[PDB]
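So I've got this experimental structure, pasted below with the sequence.
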Protein chains: 2
Amino acid sequence: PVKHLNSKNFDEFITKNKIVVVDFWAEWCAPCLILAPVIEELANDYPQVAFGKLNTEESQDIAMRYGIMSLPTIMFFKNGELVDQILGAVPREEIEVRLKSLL
Amino acid sequence: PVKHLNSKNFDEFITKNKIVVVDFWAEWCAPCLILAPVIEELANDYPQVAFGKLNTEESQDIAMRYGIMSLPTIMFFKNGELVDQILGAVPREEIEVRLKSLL
C-alpha cells in the first residue's frame, strides 16, 4: 500500500491525494530501514491516507527541493502543502498521533 | 588536501592519522554541498589534521557502522576513536573551535 515515489510522480501524488505521508529514506540509514516496516503496517491500517516512500539517492531533486538533511524525514502533506514533519526514527505512536490530528 | 574515503581505506585513514576530521555527506544534501568548500579551506589551513570525505551512498557500510542519519555529520577522531561530532551545517567557527581543542 506504500507507493514508491520518484521525481516524475511526486507532485502528482501529493496533489491528487488530500492527506499524504512521505517517508524520505536512504539505503545506508539504519533508523530508516528500521522504520520502513512500521510505515508499511501503518499504511495497512490507514487506507484513508496515501503513504509514499522517497529514496533520497534516487530522487535527489525532490530531496533538495525540500531541504532534506536529517533521516528518516517523515513529512505530512494536506492539500499539497507540508503541514508537519518528524525528523529521525520515532515510535509508531508519534506518527499515529500526528496522522489522527490531520484526519 | 581532502581525502576521498571509501569502505576499503576508511579504517586505515583514521588509524594512521592521529587527528582526523571526516565529513559524512550525500549528493542530495544541500547543507552538505554548502559545507564542502568550507571543509576544503579548513583542510588548507590545518595541514596538521587529516581531513576526509565519506559519501554515504558510496560507502554504505561505513555510514551504517557509525549510525549516520543526520547530514552533514562531521566526525572528529583521535587515535582511531570518535571524540566529537557536529550534526548539520554549522559555521566554520564551530568546526575550528572543536579542531583547536583536539590539537
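Good, I have the coordinates. Residues are numbered from 1 along each chain as shown, chains lettered A, B, ... in the order given.

Which positions in chain A make contact with chain B?
Contact residues, chain A versus chain B (CB under 8 Å from any CB of the partner chain): A:26-32, A:56-57, A:60, A:63-64, A:67-72, A:87-89. For the C-beta atoms, the positions are set from N, CA and C on the backbone; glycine is no exception.

Let's see which of these end up in strands.
With DSSP state E as the criterion, strands contain residue A:87 from among the residues of chain A next to chain B.

Selecting buried members of the residues of chain A next to chain B in ChimeraX, what would you type?
Applied in ChimeraX, the following selects the buried portion of the residues of chain A next to chain B according to 16 or more other CB atoms under 10 Å in any protein chain shown:
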select /A:26,28,29,30,31,32,56,57,60,63,64,68,69,70,71,72,87,89
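
give me every residue that touches the most centrally placed residue in chain A.
Nearest to the mean C-alpha position of chain A, counting by CA atoms, centre = their mean, stands residue A:22 at 1.6 Å. Contact partners of residue A:22, counting by CB atoms under 8 Å, 6 or more residues apart in numbering or on different chains, are A:5, A:14, A:51, A:52, A:53, A:54, A:74, A:75, A:77.

wait, residue A:43 sits on residue A:1?
Yes - with contact defined as CB atoms under 8 Å, residue A:43 reaches residue A:1; the gap is 4.1 Å.

Now the common contact residues for the two.
residue A:51.

More neighbours: the two, which one.
Set side by side, residue A:43 and residue A:1 show more neighbours around residue A:43, with 19 against 14, by other CB atoms under 10 Å in any protein chain shown.

residue ranges of the helices in chain A, please?
For chain A, helices defined by DSSP state H occupy the ranges A:10-16, A:30-45, A:60-65, A:92-102.

Relative to chain B, how far out is residue A:96?
Residue A:96 sits at a distance of 22 Å from chain B (criterion: CB to the nearest CB, to the nearest Å).

Which ones among the contacts of residue A:22 map onto strands?
A:5, A:51, A:52, A:53, A:54, A:74, A:75, A:77.

Who's the closest spatial neighbour of the fifth one, skipping the chain neighbours?
When you say that, I think you mean residue A:54. Ranked by CB to CB, 6 or more residues apart in numbering or on different chains and with sequence neighbours excluded, the top spatial neighbour of residue A:54 is residue A:5, at 4.6 Å.

same thing with the second one?
Leaving aside its sequence neighbours, residue A:51 sits nearest to residue A:43 (CB to CB, 6+ apart; 4.1 Å).

Look up how far chain B lies from the one you found.
Distance from residue A:43 to chain B, by CB to the nearest CB: 22 Å.

residue contacts, that residue?
So residue A:43 contacts A:1, A:2, A:49, A:51 (CB under 8 Å, 6+ apart).
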